[PDB]
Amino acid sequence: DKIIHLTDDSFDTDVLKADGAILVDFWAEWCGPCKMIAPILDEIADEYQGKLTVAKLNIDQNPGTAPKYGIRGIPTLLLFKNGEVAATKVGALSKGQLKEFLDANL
């Protein structure tokens, strides 16, 4: 696996202070759309290796981060580019829609 599995306590330095693009996936095990985009993320992690980092944050195990971003739906993909949220799209996009989401923001 080349995807970073975050925690509320590690989020700040793994994300907000990482240098280089980072795509964070706020998910939950009880969400269908979440279990859908997952496989795609694993692939997007290798395909864009070197261009950005793919990290997942389980909002159940880590309830403190999501609130700071007003997550209203999941899976939420927040694209970080130096402590700042670059792009933000919600929903189980397809392997195509996602790559088109990144490329346009990378």
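Each residue number is its position in the shown sequence, starting from 1.
Judged by mean Cα B factor in the deposited record, 43-51 ranks above the other of 43-51 and 25-33. In this entry, 93-101 has the higher mean Cα B-factor, the comparison being between 93-101 and 13-21. Taking the PDB entry at face value, the top CA B factor among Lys68, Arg72, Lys81, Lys56 belongs to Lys81. Per-chain ranking of the deposited C-alpha B factor places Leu106 in the highest third.
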